[PDB]
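Virtual Cβ from ideal backbone geometry, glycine too; neighbours counted across all protein chains shown. Bear in mind that the values in this text are calculations on the coordinates, not laboratory data.
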Amino acid sequence: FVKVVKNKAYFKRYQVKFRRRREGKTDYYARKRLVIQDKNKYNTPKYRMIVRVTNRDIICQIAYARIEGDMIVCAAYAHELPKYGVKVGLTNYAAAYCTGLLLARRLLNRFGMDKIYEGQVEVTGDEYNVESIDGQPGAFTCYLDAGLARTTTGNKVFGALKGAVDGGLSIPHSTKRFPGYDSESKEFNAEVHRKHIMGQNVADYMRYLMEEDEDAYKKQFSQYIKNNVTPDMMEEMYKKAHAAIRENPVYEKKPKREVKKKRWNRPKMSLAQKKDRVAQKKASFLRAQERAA
Amino acid sequence: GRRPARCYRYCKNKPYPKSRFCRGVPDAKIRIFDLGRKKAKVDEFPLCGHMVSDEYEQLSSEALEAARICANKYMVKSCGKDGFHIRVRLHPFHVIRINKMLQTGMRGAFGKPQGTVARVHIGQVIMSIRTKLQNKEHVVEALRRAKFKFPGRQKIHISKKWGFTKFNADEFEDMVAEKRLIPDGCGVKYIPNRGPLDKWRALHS
Amino acid sequence: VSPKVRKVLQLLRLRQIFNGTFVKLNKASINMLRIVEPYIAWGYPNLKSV
Amino acid sequence: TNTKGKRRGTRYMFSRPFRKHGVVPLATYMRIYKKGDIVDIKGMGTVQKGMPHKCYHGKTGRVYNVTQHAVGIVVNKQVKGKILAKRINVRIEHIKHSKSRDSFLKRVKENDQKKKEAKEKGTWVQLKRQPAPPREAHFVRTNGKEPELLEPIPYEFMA
Amino acid sequence: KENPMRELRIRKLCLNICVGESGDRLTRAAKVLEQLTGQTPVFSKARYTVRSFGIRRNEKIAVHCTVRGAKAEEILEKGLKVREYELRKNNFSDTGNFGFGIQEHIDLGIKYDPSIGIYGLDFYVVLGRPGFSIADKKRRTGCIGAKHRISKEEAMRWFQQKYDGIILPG
RNA sequence: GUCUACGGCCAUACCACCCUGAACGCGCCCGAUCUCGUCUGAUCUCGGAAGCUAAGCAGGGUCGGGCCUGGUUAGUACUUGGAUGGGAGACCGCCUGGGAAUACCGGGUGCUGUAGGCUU
RNA sequence: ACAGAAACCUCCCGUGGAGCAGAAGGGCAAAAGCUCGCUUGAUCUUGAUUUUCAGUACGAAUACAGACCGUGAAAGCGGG
RNA sequence: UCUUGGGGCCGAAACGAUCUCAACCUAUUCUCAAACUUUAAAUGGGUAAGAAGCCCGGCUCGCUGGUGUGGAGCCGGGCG
Ligand SMILES: [Mg+2]
Ligand SMILES: [Mg+2]
Ligand SMILES: [Mg+2]
Ligand SMILES: [Mg+2]
Ligand SMILES: [Mg+2]
Ligand SMILES: [Mg+2]
Ligand SMILES: [Mg+2]
Ligand SMILES: [Mg+2]
Ligand SMILES: [Mg+2]
Ligand SMILES: [Mg+2]
Ligand SMILES: [Mg+2]
């Protein structure tokens, strides 16, 4: 027999990590450097672009930190994209670009800078940085908050970053992590990046499956077929998505409806209930003991 | 060999245990703190008499060893080698030093370890004897003799607890009836109304 | 006289033996009188004493 | 004699409290310190940069300078028979806004409002604080019961 | 009816050959694993120096590799055939895994080669159910849960059903 | 009622086991052409949507351990100031104020900010 | 499998009970530890401050400011 | 208590049986720390208790900046 390590003393001495760290959601080493503002800038907010890719969505937010909790300034979601013509593939690189662009256009519309800072209305996929215009309100500057993502080349967080810079936001970055950057030659190809932004990597995959295996094709792209999304029309679908996104980036909140009260889980038992339950258990145990005797 | 115990009777210095900073301490004179029928169950010996210190002082491990023998011999002679259980309740942890002369004088005068002593307080128990109730007079006489091996004033006091347990003698038996006390050999375990109800089942099954 | 008692006796204006003053009582002053307790006789005077 | 070492004697002073080690909560860096603020200095061992010297632990000062990470504090230090005003540079991890002036500031506002509210009403209100007065006369009702007689208990040798 | 997401599967097959000494033998051993599996193995270095074993720290003394998916089952069949699908109850770890050893690698259907020699190796089969990867991911890593774990009995039962094997007492 | 993204305080939130989870989610999950990275598409990256709450996750449970908070311990131990108080001393008592901590007993078991959902 | 108390492989628990050049003390868990990759902020420069203190020097150290760089996707971090 | 050893002890002999004493683990229990500690006093050490304050309106900036933002400075004014 060996010592119980997780004994009573192991818990008397135990210190728990920050809740968000226990949950595995926040990197507090990274958060401190991202969100903390220089003390000589006082209350000047330090904005950052949050990009989180779930199993079925892309969440893009513009937040600055306060003592009580972050204040989300603007937010766009990939599940909004159907309003703009994109029905499927809401977690690919092209959707990330659309989600990011919608975030930038939505934010600039709010501050009234959309006309001033239109960004790169024509997607070339190349290094582009917006510059403030003298005599006009400065360009909105934020930073990318990649979370726990492994920020390698082609990571979709940089697709959303590319959408936001092309939307008019000022976000420091390089092209090293856009798809099309070649490590061997240390050279960046803007056409390869433009392919991913338009999803030609997805479309080229479709033709591959179609010309290689019909059954594997149906398995991999069943919902593309259902929505009548074909490899030829993909680029114009996304192009029609950008133009509509720039045309109207405003969000209209889903109208909140009253709901009849309904409790879907138990409440805590009261002290009387818990105390009685032990009383019932004790009587039942003795009652069963007396019978067997 | 060793100095008269009057040289170290008073708790003048801070506690000086045998540790990694005090190396070379010789072994203590007292190595056995229990004797008699240590294995008696809690219920065989309801009586407990203490020798209580009236003085704040240091007792030497030689006096603890001497008293242990003195008290034990009289108990064996009057109650049998299995009619009692003695427990010396003081352990000699404080170390006393000696600055051995024959010359440097008082230069570099920090002393080497010389022995060990137990630091006892007013009201602290020095040793205890539990035996049967018809040995109340024998316990008092056993402890009265042991006092002559110690410096200062002690008092013999018959406890109201049950043997070496912390529970009052008059209410010990009922607590055992209600299974609030479960004998565990020399002493008892205390059963609170807490924790998994399964334990309560095992006790009450 | 100790430094703290010596200051408090000077604030009460009792710089000499058998010197007398009236003191209106409250938490602030009652705690001062506690400091100089071994150095003063005090109590509640009546109209005749005033 | 003793060494003149900078961090001598701070075994417990600069250590972290029990079960409060690890990450530094980020609201420690979200505090806004302005020129003229009152701050309590408390060295934190987790951050070894900008650590105030041990003589400044538990002293309160006035902020006179603010930089990217630290502030300049004017804090009184007594050295023999004089008190010096010392200007130290301390990273904002080791300080915290003092609450001492708040009870004053809270009073300043309530006074000015009372002084303005009573003025328009042509009355008079108390603004100055006062030490606790001796408790006024009052009746104590026995409620038809006799006070419990108390006696000293016999000595009993509980050894 | 058992939930489909509770069924057992072979997470990975761990093949190891502790040659015991760097040099020509160890390099040959790496080749044998490459033949059996089809992927380059990776050496492992001695953690310490043990005079009796004749190993010095940071010295390559073993070669191992991980085989998963369809290839893992095919090679597992080879080894269990060599054992006649007979294992001992002790061969099953309390965590739901099991393993066995092979004396000569030629018995696994590998043609002998004069330039390589013969070698033994270890087979350790790590079992799992769907969802076992929540503990190996980066974001929101968690523990699978008591009801989702695999027991010595369950693995022994799986071995019998999957291969009709025999679990020898002792 | 409750979830998701980002949080503040950082166990009342942890740990162990058990029960239950509507909808949207979050996941598990299916693949490796592309981006990317591995001995291994297990992880990381990427493309998906057949299946499932089994697990994570959420809520509830346990005369649960821990944690938090009270009571008792106790006006006790300790302590500021006082005496030409006691005692051979060791120490102790009183006067004037302050005043703890175990064992033991009870109760509680996350709150909450911004943005976005689901829930007649 | 050879393989043993001890070689290498696997799973599980693991609040640090390891490690961080050295004395000890403090500090540290997606790090301050281990491993890779790129590197020379261990560079150039004026002041202020802290520590011992006489509020002198040295030494060491702390916030800044001006350049030139490294690194990172970036926020930042780095003048041992 | 077999997860290891000492004595035996039926034996054909094995982790078969039989015990037994050790170590091991589990709750207990006596006694301790100047160079231990979850707790934690008294006495004590800073600070604040207004006119150098409080509240208004405006101007300057090369500093910071989505923002006529932020911060600092300056100017006039009202409050005892
Ligand atoms: Mg990072
Ligand atoms: Mg003599
Ligand atoms: Mg001395
Ligand atoms: Mg469980
Ligand atoms: Mg459902
Ligand atoms: Mg896979
Ligand atoms: Mg379930
Ligand atoms: Mg409990
Ligand atoms: Mg909750
Ligand atoms: Mg790191
Ligand atoms: Mg610089």
Practice task
Scan region A:222-236 for residues that are part of a helix (DSSP H, G or I), surrounded by 15 or more Cβ atoms within 10 Å (Cβ to Cβ) and not aromatic (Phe, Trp, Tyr) and jot them down.
Solution key: A:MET234, A:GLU235
Handout entry: Single residue of region B:96-129 satisfying the filter (closer than 20 Å to B:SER60 by Cβ and among the hydroxyl-bearing types (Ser, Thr, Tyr)) that is nearest to ligand 1 (Cβ to nearest atom)
Key = B:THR116
Practice task
Within region D:41-59, identify whether any single residue is in a strand (DSSP E or B) and either within 14 Å of another protein chain (Cβ to nearest Cβ) or within 11 Å of RNA strand H (Cβ to nearest atom) (or both), and answer yes or no.
Solution key: yes
Problem - Checking E:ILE75 against (1) away from chain A (no Cβ under 14 Å); (2) among the hydrophobic types (A, V, I, L, M, F, W, C); (3) within 9 Å of RNA strand G (Cβ to nearest atom), the condition it does not meet - result: (3)
Exercise for the section: Kindly list, by first and then second residue, each pair from a residue in region B:3-15 that is of a type outside the set (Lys, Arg) to a residue that is assigned to a helix (DSSP H, G or I) and surrounded by 13 or more Cβ atoms within 10 Å (Cβ to Cβ), limited to pairs with Cβ atoms under 6 Å and residues at least 6 apart or on different chains. Expected result: none
Practice task
State whether the residues of region E:4-18 include one that is surrounded by 13 or more Cβ atoms within 10 Å (Cβ to Cβ), more than 15 Å from the chain's Cα centre (by Cα) and not in a loop (DSSP other than H, G, I, E, B).
Solution key: no
Exercise for the section: Using the structure shown, decide if D:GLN68 is part of a loop (DSSP other than H, G, I, E, B) and either within 30 Å of B:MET51 (Cα to Cα) or among the polar types (S, T, N, Q) (or both). Expected result: yes
Handout entry: Filter pass, E:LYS111 being away from every other protein chain (no Cβ under 14 Å), within 29 Å of E:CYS18 (Cα to Cα) and either in a loop (DSSP other than H, G, I, E, B) or within 16 Å of RNA strand F (Cβ to nearest atom) (or both)
Key = yes
Completion exercise
Among residues of region A:152-193 being hydroxyl-bearing (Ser, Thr, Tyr) and either outside any loop (DSSP other than H, G, I, E, B) or more than 10 Å from RNA strand F (Cβ to nearest atom) (or both), the residue farthest from A:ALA76 (Cα to Cα) is A:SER185
Handout entry: Conditions (1) touching a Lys or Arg at 6+ places or on another chain (Cβ under 7 Å); (2) farther than 15 Å from B:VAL42 by Cα: number failed by B:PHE167
Key = (2)
Problem - Qualifying positions in region A:243-275 - farther than 30 Å from A:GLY167 by Cβ and of a type in the set (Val, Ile, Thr) - result: A:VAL259
Problem - Residue that is nearest to the other protein chains (Cβ to nearest Cβ) [pool: residues in region A:127-142 that are within 11 Å of RNA strand H (Cβ to nearest atom) and surrounded by fewer than 17 Cβ atoms within 10 Å (Cβ to Cβ)] - result: A:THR141
Completion exercise
Residue count, region D:18-29, condition touching a helix residue (DSSP H, G or I) at 6+ places or on another chain (Cβ under 8 Å) and either facing chain A (nearest Cβ under 7 Å) or not hydrophobic (A, V, I, L, M, F, W, C) (or both), comes to 4
Completion exercise
All conditions in (1) within 22 Å of A:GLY180 (Cβ to Cβ); (2) buried (at least 19 other Cβ atoms within 10 Å of the Cβ) are true of A:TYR217 except (1)
Exercise for the section: Output the residue which, of all residues in region C:1-30 that are in a helix (DSSP H, G or I), within 10 Å of the chain's Cα centre (by Cα) and not β-branched (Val, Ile, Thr), is nearest to the other protein chains (Cβ to nearest Cβ). Expected result: C:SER29
Practice task
Please work out if D:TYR12 is over 17 Å from the mean Cα position of the chain (by Cα), of a type in the set (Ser, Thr, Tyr) and over 30 Å from A:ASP70 (Cα atoms).
Solution key: yes
Problem - Within region D:126-159, tally of residues that are touching a helix residue (DSSP H, G or I) at 6+ places or on another chain (Cβ under 7 Å), aliphatic (A, V, I, L, M) and surrounded by 10 or more Cβ atoms within 10 Å (Cβ to Cβ) - result: 1
Handout entry: Unique match (being within 9 Å of RNA strand H (Cβ to nearest atom) and within 14 Å of chain A (Cβ to nearest Cβ)) among D:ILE83, D:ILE32
Key = D:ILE32
Handout entry: helices (runs of 4 or more DSSP H) enclosed by region A:1-120 - at least 2 residues per element that are within 13 Å of chain D (Cβ to nearest Cβ) and loosely packed, with under 15 Cβ neighbours inside 10 Å
Key = A:8-12, A:19-22, A:28-35
Problem - region D:120-134 - residue that is assigned to a loop (DSSP other than H, G, I, E, B) and away from chain C (no Cβ under 11 Å) and, of those, nearest to C:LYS27 (Cα to Cα) - result: D:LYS128
